*Asks:* 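Sharing a structure, written as structure tokens. Questions coming.
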Amino acid sequence: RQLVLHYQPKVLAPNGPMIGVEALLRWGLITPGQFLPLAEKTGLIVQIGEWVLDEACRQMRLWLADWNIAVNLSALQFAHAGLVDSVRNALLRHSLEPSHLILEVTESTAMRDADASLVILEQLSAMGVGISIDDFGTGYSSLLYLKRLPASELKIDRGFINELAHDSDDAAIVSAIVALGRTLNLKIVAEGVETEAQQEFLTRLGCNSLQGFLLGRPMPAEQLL
Amino acid sequence: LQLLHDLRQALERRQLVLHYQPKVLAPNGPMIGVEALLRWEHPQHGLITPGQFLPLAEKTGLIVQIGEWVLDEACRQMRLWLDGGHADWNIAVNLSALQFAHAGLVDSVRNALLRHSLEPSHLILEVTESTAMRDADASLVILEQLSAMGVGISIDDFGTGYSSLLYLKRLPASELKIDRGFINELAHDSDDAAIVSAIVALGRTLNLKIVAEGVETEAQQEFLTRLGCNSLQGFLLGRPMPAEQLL
Ligand SMILES: Nc1nc2c(ncn2[C@@H]2O[C@@H]3COP(=O)(O)O[C@H]4[C@@H](O)[C@H](n5cnc6c(=O)[nH]c(N)nc65)O[C@@H]4COP(=O)(O)O[C@H]3[C@H]2O)c(=O)[nH]1
Ligand SMILES: Nc1nc2c(ncn2[C@@H]2O[C@@H]3COP(=O)(O)O[C@H]4[C@@H](O)[C@H](n5cnc6c(=O)[nH]c(N)nc65)O[C@@H]4COP(=O)(O)O[C@H]3[C@H]2O)c(=O)[nH]1
Ligand SMILES: [Mg+2]
Ligand SMILES: [Mg+2]
Ligand SMILES: [Mg+2]
Ligand SMILES: [Mg+2]
């Protein structure tokens, strides 16, 4: 068992309290960018995912701790026939309210076969699980399906969060995502917040919550305290 | 289902209208505003009341655009009235639980006031006790924004939910509205008069105006006045009616 979760805080804007964490997988000390693609191609991602989901639910129970936890799903995990049985079973196993668990799938993953995403996410949403669309702005979305999917939040891609000059293309895109949130009834999370000016500007643009190194780096449950 | 199809097209068919009910200083003092109340003029069923279709609207999400239309028309009407010289009237608009939690609520209020050049102090937003107290920390963030814009905040159907006195003081509410259920039962239950008195006393000690709602009889009016209610609303003082008929 060399697999460990690190947790990164999500924080209500403007400076408001921490409302939850994202679980981030780690393995020397190996980062997931170095091995998740091999796991995806080989199918080992599905067992690793079962372990991640279980450990996140276990940790949340242990804490419960007035907050929720977000787990990432790769394209294979999202499409895997077992996914929805397994989410329901993991919440049942730990007697954990479904409102405490968030599942993140990327824009690309969700939009690849939107009708199939809809069958899967509708089940998940009827069970009460929070559904987040990650890396938003980096894929291709149908506005029609963006409304139809029972998502509760979009997470702005880290790639748009750099110098964020007021007249930048990046700022326009952040504004557009915020406006999608406002018109489609979705919370918007900015990810990759490293500086005070980003925090301030993203808050004024109307992001609902923030994640990034400035607010807290990923760390193991113990160090998080 | 017929109701579902019919409600979907109700805005397209201009079948939705606002009626307005006077709120009056107690006992019968000047009218200080109105509550906007949605009605549906149905070509087959006639004038349908919102208890008969707002739950379907909530469940389907049709309540969002129905609410945009309600807010727009209410703001239009208040503007018109202000320009007609009714300087001391406000208008109160109801918010369901879904509208109160909608990510765009505050932007939509700001846009509607700007569209009709309406000072924010002439708009009152009513959220029920239950709605406000379900997640009080979240209610606080929402209501503080609305209150900083200058919009009045009313806690509706008061007495029907469960309130934290702590958050009841922290919320930037301006008024509590006693639920009509407590007014109607006064002649038929000894507990109701105590409950109504307690609500009035909460207003007095937390610095909130109290509105008594559902006033139908002279004796209710007299009793509520003697208790010290600030304002009254009810059939005795004036039923909901269209803006024109109200005059
Ligand atoms: N430069 C910078 N980076 C920041 C900042 N704040 C957070 N990050 C990093 O950005 C990534 C956020 O996760 P992601 O976009 O979902 O993207 C994740 C996610 O797609 C994938 N991944 C991580 N854990 C899991 C997992 O348990 N399951 C699955 N299926 N995928 C995972 O690996 C990707 C990269 O993971 P990480 O290395 O942990 O990198 C994490 C996080 O450490 C910041 O302020 N500045
Ligand atoms: N028996 C009796 N009833 C009286 C008397 N005085 C006032 N009422 C009624 O009490 C209700 C007061 O509104 P509410 O408690 O906010 O309760 C409202 C409110 O929750 C909701 N509603 C109405 N319009 C709207 C709207 O535009 N948006 C939203 N979200 N909800 C609305 O529907 C509920 C019922 O609306 P209405 O049928 O118009 O019923 C109205 C009004 O007609 C009286 O003396 N006797
Ligand atoms: Mg993620
Ligand atoms: Mg991301
Ligand atoms: Mg009301
Ligand atoms: Mg009421």
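Each chain gets a letter, A, B and so on, in the order its sequence line appears, and its residues count up from 1. We count ligands from 1, going down the list as the structure has it; atoms in each ligand are counted the same way. Keep in mind that the numbers below use all heavy atoms, side chains included, and drop hydrogens, waters and symmetry copies.
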*Asks:* Considering only heavy atoms from C-beta outward, does the side chain of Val189(A) approach that of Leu210(A) to under 4.5 Å?
*Replies:*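 When only atoms from C-beta onward are counted, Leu210(A) and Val189(A) do not touch, as no gap falls below 4.5 Å.
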*Asks:* Is the Mg ion (ligand 5) under 2.8 Å from any N, O or S atom of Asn94(B)?
*Replies:*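 Yes.
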*Asks:* Can we say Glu129(B) and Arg134(B) salt-bridge, meaning some charged N sits less than 4.0 Å from an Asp/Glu carboxylate O?
*Replies:*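 Between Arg134(B) and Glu129(B) there is no salt bridge, as every charged N stays at least 4.0 Å from the carboxylate O atoms.
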*Asks:* Using a strict cut-off of 4.0 Å, indicate which atoms of ligand 1 neighbour a heavy atom of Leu25(A).
*Replies:*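 Those of ligand 1 that fall under 4.0 Å from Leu25(A) are 23 (C), 24 (N), 25 (C), 26 (C), 27 (O).
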*Asks:* Quick one about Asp72(B) and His116(B) (side-chain donor to acceptor, distance below 3.5 Å, no hydrogens or angles considered), yes or no?
*Replies:*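 Judged by distance alone, the side chains do pair up.
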*Asks:* In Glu35(B), which N, O or S atom comes closest to the Mg ion (ligand 5)?
*Replies:*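 This turns out to be OE2.
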*Asks:* To the nearest 10°, what's the angle at the Mg ion (ligand 5) between atoms OD2 (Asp156(B)) and OE1 (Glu126(B))?
*Replies:*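 Taking the Mg ion (ligand 5) as the apex, I get 90° for this pair.
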*Asks:* Any side-chain to backbone donor/acceptor pair from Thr131(B) onto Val127(B)? Under 3.5 Å, distance only.
*Replies:*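 Here the side-chain-to-backbone pair does not exist.
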*Asks:* Quick check: do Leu71(B) and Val109(B) have side-chain heavy atoms less than 4.5 Å from each other?
*Replies:*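 Result yes, sub-4.5 Å side-chain heavy-atom pair found.
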*Asks:* Does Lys155(A) pair with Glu22(A) as a salt bridge, N-O distance under 4.0 Å?
*Replies:*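 Yes, charged N to carboxylate O under 4.0 Å.
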*Asks:* At a 4.0 Å threshold, what atoms of ligand 1 neighbour a non-hydrogen atom of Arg26(A)?
*Replies:*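 Once the distances to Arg26(A) are compared, the set is 37 (P), 39 (O), 43 (O).
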*Asks:* Does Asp157(B) bring an N, O or S atom to within less than 2.8 Å of the Mg ion (ligand 5)?
*Replies:*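 Checking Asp157(B): none of its N, O or S atoms is under 2.8 Å.
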*Asks:* Measuring centre to centre across the rings, with the benzene-like ring taken for any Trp, is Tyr7(A) within less than 6.0 Å of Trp63(A)?
*Replies:*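 Yes, the ring of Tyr7(A) comes within the 6.0 Å limit of the ring of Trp63(A), centre to centre.
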*Asks:* Enumerate the protein residues lying less than 4.0 Å from ligand 2, judged by heavy-atom distances, in chain and residue-number order.
*Replies:*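 The answer is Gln21(B), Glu35(B), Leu37(B), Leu38(B), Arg39(B), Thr49(B), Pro50(B), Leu54(B), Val70(B), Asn94(B), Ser96(B), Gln99(B), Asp156(B), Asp157(B), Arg180(B), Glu213(B), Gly214(B), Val215(B), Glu216(B), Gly234(B), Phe235(B), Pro240(B), counting any residue whose heavy atom sits under 4.0 Å from ligand 2.
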*Asks:* Please state whether the separation between the Mg ion (ligand 5) and some N/O/S atom of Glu213(B) is under 2.8 Å?
*Replies:*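 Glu213(B) does not place any N, O or S atom closer than 2.8 Å to the Mg ion (ligand 5).
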*Asks:* Please tabulate, one pair per line, all N/O donor-acceptor pairs under 3.5 Å involving side-chain atoms of residues 239-247 of chain B, not counting sequence neighbours.
*Replies:*
none

*Asks:* Between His122(B) and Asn90(B), does any side-chain donor sit less than 3.5 Å from a side-chain acceptor?
*Replies:*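 Short answer, yes.
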